[PDB]
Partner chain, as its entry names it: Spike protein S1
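Shown here is one chain on its own, the form deposited without the partner chain, set out as structure tokens.
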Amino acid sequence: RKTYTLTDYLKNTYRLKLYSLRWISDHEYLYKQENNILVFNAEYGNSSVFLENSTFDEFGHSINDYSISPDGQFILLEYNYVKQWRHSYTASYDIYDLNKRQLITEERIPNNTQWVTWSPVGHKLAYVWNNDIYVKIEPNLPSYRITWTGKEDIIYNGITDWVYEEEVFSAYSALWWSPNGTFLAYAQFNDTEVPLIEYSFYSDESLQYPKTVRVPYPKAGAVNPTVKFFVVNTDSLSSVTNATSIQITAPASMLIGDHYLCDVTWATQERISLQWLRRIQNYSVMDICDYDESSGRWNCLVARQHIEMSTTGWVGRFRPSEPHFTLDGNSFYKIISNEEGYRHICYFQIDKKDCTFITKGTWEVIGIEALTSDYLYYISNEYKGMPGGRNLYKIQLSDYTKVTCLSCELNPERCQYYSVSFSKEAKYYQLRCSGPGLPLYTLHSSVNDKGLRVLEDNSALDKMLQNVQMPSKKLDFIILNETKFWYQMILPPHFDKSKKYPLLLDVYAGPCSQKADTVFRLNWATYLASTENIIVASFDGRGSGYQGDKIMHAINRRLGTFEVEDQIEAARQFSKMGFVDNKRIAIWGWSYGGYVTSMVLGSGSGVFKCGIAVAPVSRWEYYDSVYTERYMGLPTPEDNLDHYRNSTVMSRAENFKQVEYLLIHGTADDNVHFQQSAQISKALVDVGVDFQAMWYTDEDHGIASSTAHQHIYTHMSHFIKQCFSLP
């Protein structure tokens, strides 16, 4: 009667094999084996030992990562890694000649380097150190210093500040090489007048006085960072005179007030597109700027400026979507919310603004994965009208009726959720099936869409799981006000619909979220279902993503309303089904899910006996501007201050009398500050409500260190088991 135990989750008893490859050419890619890096050919199989783990003994330092130059001559080695935020870090760097089999000692990249990157061809290097940009034409040669204004916590050249990193670019870098690698474009960020979040960091017990960390962080309605865009020619660099960065100022549409740079895409060698976004994020502008060799400057022609605005809510999913440009750069494809509010691919001519929708229907495109002369490849949730499914498609650019699903019917029962990685000029691709069956990895040729070989099919894990009492999984929908709203249920083994099980509602419910999908996972819910016989439910109600704006923009300016009501309403529908002990219905959630969980418990519905909130938002004025304001607008009397104040967890404190609550938070959360939880604890105390609590010293929003991760789930497991009266 072996089951998926808590320990199995915490101690990776049942590993899940991936197949991460790195496309180096159109024909080849790299893969890790024995710790060695092996280059493969796509068509034949043609293996060859590119690099060997034996190479880097006597190097002294442990190698965290690497990066092979485009041309193939050099490899970057990344050590002394030190994590900062979600994507940001610092690390020491060294270069290895590969062809000479020699490590380079000449003019080495500085220690504590913030970011580094090769050009897309050849072997130029750009790196950021002390918030300044440096360029190295050759590894061995001295670097050319581009920026001289870098300054910790104020001026950021070629790297992002906290809020851009987190909410805009999903990256620490703010550099963009042109394709042939001659121009390097970069953004500069200025946080002078941005207020600082302050919190304690305690460190090893040997540290006597706690450190006070100070991070520039704009909260809702605060002073935001200002941005400037620059381009510099990397060929015409002088070793004698300072480099000259040409500015590309934002368009007058943006300069009237607060705005952001949101997307940067090169079209050609002489052409670059810049999407901007007003601080009120319903209005966006894309300039298409061309280099002229006459004046040495850049020109964004007004006749190529594309405006994009939404009247129901915000622009894009989390931002304006990226443009994929054609060969000549005189036209581009780009996902746009259509007339019926469903996101689809729109074909633009650069000097004709009204695009043509090459796709349509009651479904959305997730992303444009590859563009060729004749075909555009994209991922969508079209197959079987299932919003939580993902498949690869291609549309013939010369006739839009020629839509071919390349992944729908490969293993229909085993695969309904695909992601894709193409080769450099898109001749091949790798298909990643992440569920509902065991994940499956296969390589393909884009010429005739032939299944070349299976890279990894997780048959080892399959042998192991055959013996285990695994939970099943049910994906389905309910109808509310005519609309289908989907849910998923991790059901226990030997599921008996006449019996009555306790239910845990797994919640996120943030703007454009999707918890109801066909993905295969081995997580906490697996354990709860397998060992403790708990149904783990997830529901996607109003505000959720990938089903059109009808649903998604329902919460516009109204966070802590419809998405809360629907999670409550979902649980009510789960009792109706007659296999749920309605005396043992619980809720839980991390982050936004913690806010919704908190607000749900504060609603006073009585449906939920107990709830857990991990690193929850409490009041939208405590969280950052770029995220909060995209949905809530500005917290002013003239805009939406009232709902800001009306949607706090604190104000509902009285209603936690009837529930059991567990409030968990990391003390060094730089994202959802411990502040947030501090005000929840303080409100509950003031209305005399008892509740359990837990801080995690020096843990951040992830609470992901092996020890902390194990401790929190063990604590939450205990709390749920006792709430459900289980041994």
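Residue numbers count along the first chain shown, from 1.
There is another form of the same protein, the form solved in complex with the partner chain; it is not shown, and what comes next is about it.
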Contact with the partner chain in the bound PDB entry for residue 253, defined as at least one heavy atom pair within 4.5 Å: yes or no? yes
Considering non-hydrogen atoms and a 4.5 Å limit, does the partner chain approach residue 481 in the bound PDB entry? no
Can you tell me whether residue 283 touches the partner chain? I mean in the bound PDB entry, with a 4.5 angstroms heavy atom cut-off. yes
In the bound PDB entry, does residue 82 come within 4.5 Å of the partner chain, counting heavy atoms only? no
Considering non-hydrogen atoms and a 4.5 Å limit, which listed residue (463, 572, 583, 297) is close to the partner chain in the bound PDB entry? 297
With the partner chain left out of view, choose which of 454, 302, 141, 327 has a non-hydrogen atom within 4.5 angstroms of it in the bound PDB entry. 302
Segment assignment from 400-408, 535-543, 305-313, 101-109: heavy atom within 4.5 Å of the partner chain in the bound PDB entry: 305-313
